[PDB]
Amino acid sequence: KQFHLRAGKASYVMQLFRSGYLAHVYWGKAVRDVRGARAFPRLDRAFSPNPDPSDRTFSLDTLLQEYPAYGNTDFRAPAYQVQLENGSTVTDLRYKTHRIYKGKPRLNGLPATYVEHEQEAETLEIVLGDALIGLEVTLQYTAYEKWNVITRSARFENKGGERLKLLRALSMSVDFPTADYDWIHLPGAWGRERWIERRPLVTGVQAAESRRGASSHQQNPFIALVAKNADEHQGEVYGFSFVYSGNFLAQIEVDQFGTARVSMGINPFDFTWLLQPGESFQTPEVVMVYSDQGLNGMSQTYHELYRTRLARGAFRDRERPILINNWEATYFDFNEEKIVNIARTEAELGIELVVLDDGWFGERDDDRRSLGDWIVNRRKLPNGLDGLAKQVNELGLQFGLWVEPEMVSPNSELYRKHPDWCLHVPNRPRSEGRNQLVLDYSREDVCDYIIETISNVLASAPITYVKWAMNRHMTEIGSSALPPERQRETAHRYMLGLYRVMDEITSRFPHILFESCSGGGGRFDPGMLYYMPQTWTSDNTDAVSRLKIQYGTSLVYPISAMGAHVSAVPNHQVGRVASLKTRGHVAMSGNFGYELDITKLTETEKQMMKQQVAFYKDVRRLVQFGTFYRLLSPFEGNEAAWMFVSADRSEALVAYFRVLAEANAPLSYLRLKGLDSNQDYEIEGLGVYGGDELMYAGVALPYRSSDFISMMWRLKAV
Amino acid sequence: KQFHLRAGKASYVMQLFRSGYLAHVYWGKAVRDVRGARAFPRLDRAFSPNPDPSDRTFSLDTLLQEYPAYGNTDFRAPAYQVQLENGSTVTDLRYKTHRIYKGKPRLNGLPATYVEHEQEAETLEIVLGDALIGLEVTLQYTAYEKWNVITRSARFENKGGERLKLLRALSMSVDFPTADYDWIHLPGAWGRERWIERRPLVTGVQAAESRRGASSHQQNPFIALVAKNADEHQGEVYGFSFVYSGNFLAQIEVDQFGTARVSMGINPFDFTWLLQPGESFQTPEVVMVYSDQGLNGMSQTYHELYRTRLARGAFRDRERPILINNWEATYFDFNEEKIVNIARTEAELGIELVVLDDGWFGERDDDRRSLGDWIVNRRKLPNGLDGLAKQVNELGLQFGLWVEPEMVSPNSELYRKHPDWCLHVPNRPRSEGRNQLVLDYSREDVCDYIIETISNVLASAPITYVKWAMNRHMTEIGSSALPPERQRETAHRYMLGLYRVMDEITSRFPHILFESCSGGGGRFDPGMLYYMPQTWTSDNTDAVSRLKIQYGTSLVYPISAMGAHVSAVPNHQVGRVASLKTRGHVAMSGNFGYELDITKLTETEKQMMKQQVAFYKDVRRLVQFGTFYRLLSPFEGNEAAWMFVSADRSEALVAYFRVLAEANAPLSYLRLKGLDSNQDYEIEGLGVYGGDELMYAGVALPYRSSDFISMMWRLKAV
Amino acid sequence: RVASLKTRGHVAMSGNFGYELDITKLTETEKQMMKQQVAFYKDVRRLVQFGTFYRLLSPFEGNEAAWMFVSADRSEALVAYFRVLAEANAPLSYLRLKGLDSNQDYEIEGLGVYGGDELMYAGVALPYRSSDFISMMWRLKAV
Amino acid sequence: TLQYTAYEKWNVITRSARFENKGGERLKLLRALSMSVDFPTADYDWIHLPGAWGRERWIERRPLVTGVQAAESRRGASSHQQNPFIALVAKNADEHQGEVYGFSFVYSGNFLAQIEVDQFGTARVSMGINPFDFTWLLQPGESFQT
Ligand SMILES: OC[C@H]1O[C@H](OC[C@H]2O[C@H](OC[C@H]3O[C@H](O[C@]4(CO)O[C@H](CO)[C@@H](O)[C@@H]4O)[C@H](O)[C@@H](O)[C@@H]3O)[C@H](O)[C@@H](O)[C@H]2O)[C@H](O)[C@@H](O)[C@H]1O
Ligand SMILES: OC[C@H]1O[C@H](OC[C@H]2O[C@H](OC[C@H]3O[C@H](O[C@]4(CO)O[C@H](CO)[C@@H](O)[C@@H]4O)[C@H](O)[C@@H](O)[C@@H]3O)[C@H](O)[C@@H](O)[C@H]2O)[C@H](O)[C@@H](O)[C@H]1O
């Protein structure tokens, strides 16, 4: 029996082998039929034991599997591992049956790529079963018709009479025949998230993971296998993106025979899951992309898929408003009068949205208290939230609010009433990060409280924007409402709760723009994008550092979700002094916004602020919804460049950046990509040059001095 | 509160920080005192939570530890992880006390590097403690006086009143300040063990491990951090060697802040350990070596340390006998008459030891039966063990035997008597590798049985040599004599059992040479070297393939234990045709031996073989106990070269190898290393060349044709 | 260097085929395959000498070397593979083809009818073999 | 006279120069290369075919240095040591993709295949008869074709 999935211009082929063994066959460019050219020569490998003594050529250590297990002759890292009551970890999944149907189903309490019409995707569910122990494992495969997308997840189910403990439950696993690849992941830190790191494969185990209860800044939930000569514009690329916002494991393993075991899912470290007879377990899905157009072709497939078939709400296809935030502007020292007097100026500038940041609730005068008491501070806001938001609305401005519902501070009224509502473990010191603690979302009561509490606050004023923040990673992980056996499920149940929490709140308010946040992109993952159509990219608002941040972030996530604000100089994070033009152009390459005190800006800068805003709305459709091409990498040199191309290839916008200036520098030229060569384009300020000329010859950049310069070009057909 | 350890020309520094926290400070070249030049600037790192709310600059995520834990603000991979009865994994280790005494102690039921005199080393034991659960962890540190050797291990003990479950118990952990290193491990397979692979570090986790219940050919228990510009003769090298023969994990992880956490110990995968109140668990040690003399300098301290302070018995410093094996010669088709008629010819050649291989016991006519019944087959050996061994003795040759006591075959009388004596799990198919099963060494009865049985077989004949084999990796790992809770200790208790059996047999018989074996070097680890002073390197007896194996193998393990035998052509593994000169030269570079059908060689080859034997006995003192220098790597080109130098640098032996012949090839030169420059040396057959010249200028190679060529040179002082 | 007549033949077959050795020292067995080699070349001589040439694997970059010849009308193709040094317990190798019509099927003699797209995008597996200096020949023709 | 030819079916541009003394004085050619082209950038690898007898034309790809790298023959023949062919290739260009600029010399004697990178990152690619130990006298009225 042969399973052949057609995903866009790609094919994912699988096959049943022997007595119900599931084997991998091929993943790559679209094929009409696999007649077995890649073949399958069986060999008796030394020290590779056999489940069938009559055949020495068959061993699980040497078989390409789709959902492999450890204990029975296979020694590579398994996709799953379960503990029985007798203590054994030996499992034997065999083929039971399978089903094929149009469309895409939702996963229980989990975010996933969706479909609006049956024609959009096709689903294959292969149900495997361990007859002896009565374990049922359902493998989910989905193939979109327009994109090279295969989404993979597994559903566990206890159909036996014994209790089962899940020690490992990864979302997917695939064995590549060879290992002649480089691998790309997105490491980083706070203020410098998601730097692109390409490394050659080592014979052994290399992996990216997070043990912080979040996708984290340190390791983004994404890995990708790339051909040795694959570049930014060409070459075969095999991407793996995890739709999950908690602990994850992105692991690649090369064995003795040069095969590459790529596995991805929830991090098995500090993780167990008890399955009582009758219960089931659903894993988040992993979106896999194949592409022959290099990293650009791969990213563009992720962009359209994530923007149109992962992002939700009414804003999924709507242009995002240019906003101004008061965080870096005023911090904690502010009041009602100080916010309203400048709102008039911002209206004249063309700003469409004003956002109130941290400091509006309880006694939020510092970062050491009041997290959890979501009541308006009469001290700075006499008329409160309702008075301010409605005052702003009649000025022609929308209103936005900042929240951090996942946090509880020691010095807070809710904590003195409920000290055991947080994530903690008995008789252990409750450590603090930024002097706050994380509440227990595994509880139904707190979730029902949190969904209800913030909803009334958000509905007590005409609000059209919400910024959900999270400035802490979980420590002393444990739950009081969970038994000693289950407790280790809290990390996942926390995420399951928040997924449920956001799902109800976002449903109650279809009129509100939701933007996830976590000290920047601490949870910039496909999981949060499903519930909130955009994310605050990075706390580092320096134009130069942002080049590295946005270029790396654009590898997986669409421009539409890429939050970018213009800040003041010298920057509060680095201290770098950059011009407002370049600082603008960098932020203009994402969801454009502002975050600085206008009262300290001069009329020259103030007038230029007017110039920037009016310019962006003309190209907002192009930047946020157009085809994105990366040209020059800031990771590979002194320059950085990218462009946006319209769907009909009639409009294009090009951005160029060079950081360090050198005296008597050589003349540079820039070759752009993705335009119609058979058409002519008019570059503003230069002339009408042929599209083919632009691709094959390129455009020369004007010689400039000074550090951190930028350039922008608008291209239109004739 | 400063721990300063001096090991030879190196220093290992530690410090107590605040309320009893153990921190790493420095490891490298010797310093008199660390007054804090490397310093320790504290910083408030974002998303790094604090156990002390008053100090935001204090976090376990940003401080270099010696034995870190997860759960309390540290998010990196911990050195250990304990499961409480309530299920939590949160531990809080604090400083209790410490003690310092001369010498080096032995580990409970475990092999370790030893000392013959008190003056050789000093040990520091730091007792750590978790007051709440009453858990005490004793950290062991050892400093040799003559070598740059650091061995580390930990002793766990439940000194509380509750039961504790070990999820992870690694032997050691060290946090490096920077990550500007390459990392080298020893991957491979059957027929190609321990290839040296150097790769640049990736930002995340890279690791080499084995889940096969053995050291395995796939991943050798050794990791090493090397400087980016470190070479074979110079540069800083940080080696990590594990004295263990079972499951292991050699993991290095670099975090967001460019620090390098090197951890090594028993593989936590498929491993748990129950500690009832009062009992203790001791982990094997990891020997770390520092060297500024490149890879050679690292190996040389490792070589003499392992031969003199790890290998045991009375043969530890004795010259190894030139042996001949009948495996590749006759395999299973042999009898008493067939060996004695050839015993006369082999006696004339100068062989010091003749070994009888697999096929002598039970019904070993195939490789699918008779494993476990260690009784002589009277049909193939009429006069039995007493008759045969005494027959060869009067010819002036010693006699040796092949055994695989850790094995049991389905087709054996021992299996029909005890079917539940093997590794198995309830109601699960018992998979076979090479049609055999692994015995349960976790059981005390099976251990007591095996020790007495094989010893008596070994005492039923005048035997002075034994080759212990292991030709299968464990499957369906579990034990019937262990409770549902402990079961996962089977992998470890097997090794504890195996360590005990060898411990008793090697003690009862100090007059017998023991050589470990496992389809080559499947267990070429310091653990086996402690009980058996040498190991059969690889089944691949091809001269060229062995060049790759031995060069990689010599990196960690001494030359004296490096088995090298001459085989027939075409080679039984690859099919490569090499000259007897070349086949000799490669085998002459290790523990010399023979393994081929003498009946098929012409008179010319027999006499040249005699010369090969005669040539080796002249230099066997030099190669096996001298200082070893690697010259040319077969991994870096078409050539391979190494040398042996006497302790007083008065005698030297040079070996050169070139694999592929090229027409009109350029003139090659070879520069030697490790000799005393102030003396002149006379090269046999050429002349007396200056010691300084051969090292700095080098020696020209004569041009010759044909593939797989070799040359050998003897150097002696004047 | 000592190489088999198959490989020494196959390598010479990648150009205008010819011989240069003492034939009197060759056995009759080698002589008959020699006749087969000559007959083999003239069948693809139009293809080899006038067809499109594709380099696959470089002997300068590793232990392998491979190339192929493709007809002008994309209906016929000939593939050559070479491996120099043999290693025990070697990993399975596969070969990705180029220059074929993906929308058409090809008949490789002795193997089967595989899709043209499959040959380029998935590639063809090589049988595990021992000994040094080996060679293989593949004939591809449309249907 | 600079000669340029463009084939219709192939991507072939052939370049050569024709010298002619149309004056009344005698002229000495110290160098008469066949062609020369200045590339705007020098972000390329360069491929030539060095070797020897019994090992002719091995492919050697090296990154460009800021200065002069060149392959030539002073043996009166194309020689086994350096084959009369050089090519500029993109950094990520392989056997199947990438922009490649090849330069082949139709000559069997002394040759010079030279690439020069200046201070401003431009690439001077020149090819023709090796000017070393080579001169050409042009009496009034005669001509020289390279
Ligand atoms: O609460 C609103 C805010 O929340 C998200 O980001 C918060 C993010 O940044 C924080 O830094 C602010 C602070 O940093 C500096 O101060 C210290 C030391 O004095 O530096 C440490 C960080 O490196 C920080 O812990 C210390 O406070 C700086 O001096 C000062 O000017 C700044 O005000 C904080 O570090 C961190 O925990 C995070 O919470 C969200 O991304 C924002 O949009 C916004 O909503
Ligand atoms: O018995 C003593 C022996 O034990 C150790 O080596 C065992 C190790 O190597 C074995 O190879 C010998 C075997 O190989 C061939 O057999 C097959 C097919 O016929 O080839 C496969 C190898 O990948 C093997 O699985 C098949 O049996 C071949 O016929 C012939 O050369 C030999 O009969 C065996 O292959 C493997 O399973 C392992 O068990 C120890 O290393 C030796 O020193 C020696 O003591």
# chains A, B, ... in the order shown; residues from 1 in each chain; ligands from 1
call {"tool": "residues_near_ligand", "arguments": {"ligand": "ligand 2", "cutoff": "7 Å", "atoms": "only C-alpha atoms and all ligand atoms", "output": "list in words"}}
result
residues 44, 45, 46, 47 and 56 of chain A; 327, 357, 358, 402, 434, 469, 471, 472, 517, 518, 519, 520, 536, 538, 539 and 572 of chain B; 89 of chain C
call {"tool": "closest_atom_pairs", "arguments": {"of": "chain D", "to": "chain A", "cutoff": "12 Å", "atoms": "only C-alpha atoms", "output": "tab-separated table"}}
result
residue	atom	partner	partner_atom	distance
D:39	CA	A:697	CA	11.4
D:40	CA	A:667	CA	8.0
D:41	CA	A:668	CA	7.8
D:42	CA	A:666	CA	10.7
D:43	CA	A:668	CA	11.1
D:90	CA	A:229	CA	11.5
D:91	CA	A:229	CA	9.6
D:92	CA	A:229	CA	6.2
D:93	CA	A:229	CA	7.8
D:94	CA	A:229	CA	7.2
D:95	CA	A:229	CA	10.1
D:96	CA	A:229	CA	10.3
D:97	CA	A:234	CA	8.6
D:98	CA	A:234	CA	9.2
D:99	CA	A:696	CA	10.0
D:117	CA	A:666	CA	11.9
D:118	CA	A:666	CA	10.0
D:119	CA	A:666	CA	7.8
D:120	CA	A:666	CA	4.6
D:121	CA	A:666	CA	6.2
D:122	CA	A:666	CA	8.5
call {"tool": "residues_around", "arguments": {"residues": "residue 580 of chain A", "least_positions_apart": "5", "cutoff": "10 Å", "atoms": "only C-alpha atoms", "output": "ChimeraX atom specification"}}
result
/A:543,566-569,585-586,605,608-609,612
call {"tool": "write_last_selection", "arguments": {"atoms": "N, CA and C atoms", "output": "PDB file, in the first residue's frame"}}
result
ATOM      1  N   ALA A 543      17.423  51.031  14.913  1.00  0.00           N
ATOM      2  CA  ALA A 543      17.297  50.717  13.492  1.00  0.00           C
ATOM      3  C   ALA A 543      18.311  49.683  13.012  1.00  0.00           C
ATOM      4  N   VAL A 566       9.230  53.354  15.829  1.00  0.00           N
ATOM      5  CA  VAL A 566      10.331  54.307  15.802  1.00  0.00           C
ATOM      6  C   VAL A 566      10.555  54.874  17.199  1.00  0.00           C
ATOM      7  N   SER A 567      11.797  54.827  17.668  1.00  0.00           N
ATOM      8  CA  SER A 567      12.118  55.293  19.012  1.00  0.00           C
ATOM      9  C   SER A 567      12.984  56.545  18.988  1.00  0.00           C
ATOM     10  N   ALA A 568      13.391  56.994  20.170  1.00  0.00           N
ATOM     11  CA  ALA A 568      14.235  58.176  20.292  1.00  0.00           C
ATOM     12  C   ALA A 568      15.713  57.799  20.288  1.00  0.00           C
ATOM     13  N   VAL A 569      16.569  58.790  20.072  1.00  0.00           N
ATOM     14  CA  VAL A 569      18.011  58.580  20.093  1.00  0.00           C
ATOM     15  C   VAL A 569      18.682  59.535  21.081  1.00  0.00           C
ATOM     16  N   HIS A 585      12.661  54.160   7.988  1.00  0.00           N
ATOM     17  CA  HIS A 585      12.680  53.159   6.917  1.00  0.00           C
ATOM     18  C   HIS A 585      12.749  51.721   7.436  1.00  0.00           C
ATOM     19  N   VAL A 586      13.493  51.518   8.517  1.00  0.00           N
ATOM     20  CA  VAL A 586      13.619  50.195   9.114  1.00  0.00           C
ATOM     21  C   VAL A 586      12.283  49.765   9.718  1.00  0.00           C
ATOM     22  N   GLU A 605      12.213  67.469  12.914  1.00  0.00           N
ATOM     23  CA  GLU A 605      11.906  66.064  13.138  1.00  0.00           C
ATOM     24  C   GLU A 605      10.397  65.848  13.208  1.00  0.00           C
ATOM     25  N   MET A 608       9.059  65.937   9.704  1.00  0.00           N
ATOM     26  CA  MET A 608       9.472  64.698   9.062  1.00  0.00           C
ATOM     27  C   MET A 608       8.614  63.532   9.548  1.00  0.00           C
ATOM     28  N   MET A 609       8.143  63.628  10.787  1.00  0.00           N
ATOM     29  CA  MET A 609       7.234  62.629  11.339  1.00  0.00           C
ATOM     30  C   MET A 609       5.950  62.614  10.515  1.00  0.00           C
ATOM     31  N   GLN A 612       6.747  60.894   7.166  1.00  0.00           N
ATOM     32  CA  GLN A 612       6.828  59.441   7.275  1.00  0.00           C
ATOM     33  C   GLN A 612       5.469  58.751   7.326  1.00  0.00           C
TER      34      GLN A 612
END
call {"tool": "select_by_dssp", "arguments": {"residues": "chain C", "states": "alpha helix (DSSP H)", "output": "VMD selection string"}}
result
chain C and resid 5 to 12 28 to 50 116 to 121
call {"tool": "write_last_selection", "arguments": {"atoms": "N, CA and C atoms", "output": "short mmCIF file (atom, residue, chain, number, x, y, z; two decimals), in the first residue's frame"}}
result
data_model
loop_
_atom_site.label_atom_id
_atom_site.label_comp_id
_atom_site.auth_asym_id
_atom_site.auth_seq_id
_atom_site.Cartn_x
_atom_site.Cartn_y
_atom_site.Cartn_z
N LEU C 5 38.24 -4.45 -15.86
CA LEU C 5 37.98 -4.08 -17.25
C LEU C 5 36.64 -3.37 -17.43
N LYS C 6 35.70 -3.67 -16.55
CA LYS C 6 34.40 -3.00 -16.56
C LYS C 6 34.55 -1.50 -16.32
N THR C 7 35.23 -1.16 -15.24
CA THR C 7 35.41 0.24 -14.86
C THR C 7 36.35 0.98 -15.80
N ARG C 8 37.46 0.34 -16.15
CA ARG C 8 38.41 0.90 -17.10
C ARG C 8 37.72 1.08 -18.46
N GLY C 9 36.76 0.21 -18.74
CA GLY C 9 35.97 0.33 -19.95
C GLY C 9 34.99 1.49 -19.85
N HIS C 10 34.17 1.48 -18.80
CA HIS C 10 33.15 2.50 -18.59
C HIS C 10 33.69 3.93 -18.60
N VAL C 11 34.87 4.12 -18.02
CA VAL C 11 35.49 5.44 -17.98
C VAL C 11 35.90 5.87 -19.39
N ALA C 12 36.44 4.94 -20.16
CA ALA C 12 36.84 5.21 -21.54
C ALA C 12 35.63 5.38 -22.45
N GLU C 28 40.36 -15.14 -22.92
CA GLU C 28 39.20 -15.19 -23.81
C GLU C 28 37.96 -14.57 -23.18
N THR C 29 37.84 -14.70 -21.86
CA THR C 29 36.71 -14.13 -21.13
C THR C 29 36.69 -12.62 -21.27
N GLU C 30 37.86 -12.00 -21.12
CA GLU C 30 37.99 -10.55 -21.25
C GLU C 30 37.78 -10.12 -22.69
N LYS C 31 38.13 -11.00 -23.62
CA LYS C 31 37.98 -10.73 -25.04
C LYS C 31 36.52 -10.65 -25.49
N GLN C 32 35.67 -11.51 -24.92
CA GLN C 32 34.26 -11.52 -25.30
C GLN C 32 33.50 -10.30 -24.79
N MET C 33 33.81 -9.86 -23.57
CA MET C 33 33.19 -8.66 -23.04
C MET C 33 33.71 -7.45 -23.80
N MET C 34 34.94 -7.56 -24.29
CA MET C 34 35.54 -6.52 -25.12
C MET C 34 34.73 -6.35 -26.39
N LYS C 35 34.30 -7.47 -26.96
CA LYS C 35 33.43 -7.47 -28.13
C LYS C 35 32.09 -6.84 -27.77
N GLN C 36 31.63 -7.12 -26.55
CA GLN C 36 30.39 -6.56 -26.04
C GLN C 36 30.53 -5.06 -25.80
N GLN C 37 31.71 -4.66 -25.33
CA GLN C 37 31.99 -3.25 -25.08
C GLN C 37 31.96 -2.44 -26.37
N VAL C 38 32.60 -2.98 -27.41
CA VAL C 38 32.61 -2.33 -28.72
C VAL C 38 31.19 -2.19 -29.26
N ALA C 39 30.44 -3.28 -29.21
CA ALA C 39 29.06 -3.29 -29.68
C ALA C 39 28.18 -2.35 -28.86
N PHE C 40 28.51 -2.22 -27.58
CA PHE C 40 27.77 -1.34 -26.68
C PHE C 40 27.96 0.13 -27.03
N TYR C 41 29.18 0.48 -27.43
CA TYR C 41 29.50 1.88 -27.71
C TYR C 41 28.81 2.41 -28.96
N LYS C 42 28.80 1.62 -30.03
CA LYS C 42 28.23 2.05 -31.30
C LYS C 42 26.72 2.28 -31.24
N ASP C 43 26.06 1.67 -30.27
CA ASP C 43 24.62 1.85 -30.08
C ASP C 43 24.31 3.24 -29.53
N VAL C 44 25.21 3.76 -28.71
CA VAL C 44 25.01 5.04 -28.07
C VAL C 44 26.04 6.06 -28.57
N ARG C 45 26.80 5.68 -29.59
CA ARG C 45 27.86 6.54 -30.10
C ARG C 45 27.34 7.86 -30.65
N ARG C 46 26.17 7.83 -31.28
CA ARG C 46 25.51 9.06 -31.70
C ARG C 46 25.11 9.89 -30.49
N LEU C 47 24.67 9.19 -29.44
CA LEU C 47 24.21 9.83 -28.21
C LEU C 47 25.37 10.41 -27.42
N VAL C 48 26.42 9.61 -27.24
CA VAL C 48 27.56 10.03 -26.44
C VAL C 48 28.32 11.19 -27.08
N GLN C 49 28.53 11.11 -28.39
CA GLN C 49 29.39 12.06 -29.10
C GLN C 49 28.67 13.33 -29.55
N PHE C 50 27.34 13.29 -29.61
CA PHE C 50 26.58 14.42 -30.12
C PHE C 50 25.46 14.86 -29.18
N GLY C 116 10.11 10.23 -15.22
CA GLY C 116 11.21 11.13 -15.53
C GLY C 116 11.43 12.14 -14.43
N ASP C 117 10.33 12.63 -13.87
CA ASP C 117 10.38 13.57 -12.75
C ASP C 117 10.99 12.90 -11.52
N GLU C 118 10.69 11.62 -11.35
CA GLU C 118 11.20 10.87 -10.21
C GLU C 118 12.72 10.76 -10.26
N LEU C 119 13.25 10.58 -11.47
CA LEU C 119 14.69 10.41 -11.64
C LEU C 119 15.48 11.67 -11.28
N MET C 120 14.91 12.84 -11.54
CA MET C 120 15.59 14.10 -11.26
C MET C 120 15.34 14.63 -9.85
N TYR C 121 14.12 14.45 -9.36
CA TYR C 121 13.72 15.08 -8.11
C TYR C 121 13.92 14.16 -6.90
#
call {"tool": "interface_residues", "arguments": {"of": "chain C", "to": "chain B", "cutoff": "8 Å", "atoms": "only C-alpha atoms", "output": "list in words"}}
result
residues 1, 86, 87, 88, 89, 130, 131 and 132 of chain C
call {"tool": "write_last_selection", "arguments": {"atoms": "N, CA and C atoms", "output": "short mmCIF file (atom, residue, chain, number, x, y, z; two decimals), in the first residue's frame"}}
result
data_model
loop_
_atom_site.label_atom_id
_atom_site.label_comp_id
_atom_site.auth_asym_id
_atom_site.auth_seq_id
_atom_site.Cartn_x
_atom_site.Cartn_y
_atom_site.Cartn_z
N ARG C 1 47.98 1.34 -10.62
CA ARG C 1 46.71 0.97 -10.01
C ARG C 1 46.03 -0.16 -10.78
N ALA C 86 36.50 1.85 -1.39
CA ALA C 86 35.48 1.07 -0.70
C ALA C 86 35.62 1.14 0.82
N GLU C 87 34.50 1.32 1.50
CA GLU C 87 34.48 1.31 2.96
C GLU C 87 33.52 0.25 3.48
N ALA C 88 33.93 -0.47 4.52
CA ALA C 88 33.11 -1.52 5.10
C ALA C 88 31.89 -0.93 5.81
N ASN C 89 30.76 -1.61 5.66
CA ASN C 89 29.49 -1.18 6.25
C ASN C 89 29.11 0.23 5.79
N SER C 130 30.97 -4.00 -2.97
CA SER C 130 32.27 -3.98 -2.32
C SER C 130 33.39 -3.73 -3.31
N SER C 131 34.63 -3.92 -2.85
CA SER C 131 35.84 -3.75 -3.66
C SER C 131 36.08 -2.31 -4.13
N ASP C 132 37.34 -2.01 -4.44
CA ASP C 132 37.72 -0.67 -4.88
C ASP C 132 37.52 -0.48 -6.38
#
call {"tool": "residues_around", "arguments": {"residues": "segment 129-144 of chain D", "least_positions_apart": "5", "cutoff": "12 Å", "atoms": "only C-alpha atoms", "output": "ChimeraX atom specification"}}
result
/D:1,16-35,70-78,84,105-114
call {"tool": "closest_residue", "arguments": {"among": "A:594, A:101, A:3, A:141", "to": "ligand 1", "atoms": "only C-alpha atoms and all ligand atoms"}}
result
A:594
call {"tool": "closest_residue", "arguments": {"among": "A:258, A:28, A:405, A:8", "to": "ligand 1", "atoms": "only C-alpha atoms and all ligand atoms"}}
result
A:405
call {"tool": "select_by_dssp", "arguments": {"residues": "segment 76-189 of chain B", "states": "strand (DSSP E)", "output": "PyMOL selection string"}}
result
chain B and resi 80-83+94-102+121-130+135-144+149-158+164-176+181-187
call {"tool": "decode", "arguments": {"residues": "segment 181-189 of chain B", "atoms": "N, CA and C atoms", "output": "JSON list (two decimals), in the first residue's frame"}}
result
[["chain", "number", "residue", "atom", "x", "y", "z"],
["B", 181, "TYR", "N", 34.88, 28.00, 20.43],
["B", 181, "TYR", "CA", 35.58, 26.74, 20.29],
["B", 181, "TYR", "C", 35.00, 25.89, 19.17],
["B", 182, "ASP", "N", 35.79, 24.94, 18.69],
["B", 182, "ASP", "CA", 35.27, 23.84, 17.90],
["B", 182, "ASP", "C", 35.11, 22.67, 18.86],
["B", 183, "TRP", "N", 34.27, 21.71, 18.52],
["B", 183, "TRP", "CA", 34.11, 20.54, 19.38],
["B", 183, "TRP", "C", 34.33, 19.26, 18.60],
["B", 184, "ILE", "N", 35.10, 18.35, 19.19],
["B", 184, "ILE", "CA", 35.47, 17.11, 18.53],
["B", 184, "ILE", "C", 34.94, 15.90, 19.29],
["B", 185, "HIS", "N", 34.27, 15.02, 18.56],
["B", 185, "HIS", "CA", 33.77, 13.77, 19.13],
["B", 185, "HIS", "C", 34.20, 12.60, 18.25],
["B", 186, "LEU", "N", 33.85, 11.39, 18.66],
["B", 186, "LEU", "CA", 34.29, 10.20, 17.94],
["B", 186, "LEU", "C", 33.12, 9.34, 17.46],
["B", 187, "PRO", "N", 32.47, 9.76, 16.37],
["B", 187, "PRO", "CA", 31.40, 8.96, 15.76],
["B", 187, "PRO", "C", 31.97, 7.84, 14.91],
["B", 188, "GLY", "N", 31.10, 6.94, 14.46],
["B", 188, "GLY", "CA", 31.52, 5.85, 13.60],
["B", 188, "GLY", "C", 30.47, 4.77, 13.46],
["B", 189, "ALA", "N", 30.92, 3.56, 13.15],
["B", 189, "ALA", "CA", 30.04, 2.41, 13.01],
["B", 189, "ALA", "C", 30.88, 1.14, 13.08]]
